[PDB]
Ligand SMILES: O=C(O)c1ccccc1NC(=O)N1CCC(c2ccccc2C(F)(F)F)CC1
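What follows is a single chain, given as structure tokens, in the form deposited without this ligand.
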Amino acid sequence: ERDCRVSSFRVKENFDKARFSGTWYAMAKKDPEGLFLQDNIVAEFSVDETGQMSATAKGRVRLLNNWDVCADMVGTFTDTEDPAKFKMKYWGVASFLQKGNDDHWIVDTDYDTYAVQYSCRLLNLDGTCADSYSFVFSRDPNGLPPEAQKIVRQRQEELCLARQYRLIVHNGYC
């Protein structure tokens, strides 16, 4: 029944930045081709007076051949016609870490407990994603409440990414 084509994905109606700001702990990730950001990923989102969102991040990274650092990132959200969809230009502090420009969309959030972010870097000829990534976000490093857990799972399914995610640990690396 449900569609798997990008342009169909729902997003957070009336997305509010302000409300969003703050610390978010990554509980689950759905890796894209060429994984970066391993685990212990904590993100600190903000917005300045203009209405411009931005954020930093931090987590383990597994460089080539086993060499794991504690990266520190920087993103800067470029709006779009739709409130929940942003163009995110990111880069790390160390000129050697990864740089890019990725679509960042807020699929769903309640602002105070969980969030579900989505990103599709390369579409297929059929409209489905050929290279995507997801983040389940939790305002608490211990998990979300059974109630939040439920919509979140509902959400992972609407993105046709269910049971594709993987638990994100916070064992204290960073």
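Basically, rigid core = biggest C-alpha set you can superpose within 1.5 Å across the two forms. Residues carry their position along the shown sequence, with the first being 1.
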statement: Per the PDB entry, mean CA B-factor is higher for 89-97 or 76-84, namely for 89-97
task: Read off the CA B-factors in the entry, average them over 25-33 and over 46-54, and name the higher stretch.
output: 46-54
- prompt: Taking the Cα B-factors listed in the entry, which of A18, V11, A162, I151 comes out highest?
  reply: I151
task: Can you pull the Cα B-factors for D110, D39, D131, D68 from the entry and say which is highest?
output: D68
query: By its CA B factor, does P146 count among the lowest, middle or highest third of the modelled residues in the chain?
result: highest
message: When the deposited Cα B-factors of this chain's modelled residues are ordered and cut into thirds, is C174 in the lowest, the middle or the highest one?
response: highest
- request: Just say lowest, middle or highest third for the CA B-factor of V116 relative to the other modelled residues in its chain.
  value: middle
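Keep in mind the form deposited with this ligand bound is missing from the figure; the text below concerns it.
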- prompt: Given the pose of this ligand in the deposited bound form, superimposed here by the C-alphas around the site, does the shown chain leave the site open or is it blocked by 3 or more ligand atoms within 2.4 Å of backbone or C-beta atoms?
  reply: blocked
message: Looking at 122-130, 141-149, 108-116, 50-58, which stretch has residues with any non-hydrogen atom within 4.5 Å of this ligand in the deposited bound form?
response: 50-58
- prompt: Taking heavy atoms and a 4.5 Å cut-off, does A84 contact this ligand in the deposited bound form?
  reply: no
query: Looking in the deposited bound form, any heavy atom of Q98 within 4.5 Å of this ligand?
result: yes
query: Can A28 be called a contact residue for this ligand in the deposited bound form at 4.5 Å between heavy atoms?
result: no
- request: Considering only heavy atoms, tell me if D79 and this ligand come within 4.5 Å of each other in the deposited bound form.
  value: no
message: this ligand is absent from this chain, but in the deposited bound form, do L35, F45 and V74 each have a non-hydrogen atom within 4.5 Å of it?
response: yes
message: At a 2 Å cut-off on C-alpha positions, does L125 qualify as shifted between the shown form and the other one after fitting the rigid core?
response: no
Direction of the Cα shift between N66 and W91 in the deposited bound form, where the change is 3 Å or more: farther
task: With a shift of at least 3 angstroms, figure out whether the C-alpha spacing between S119 and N66 grows or shrinks in the deposited bound form: closer or farther?
output: farther
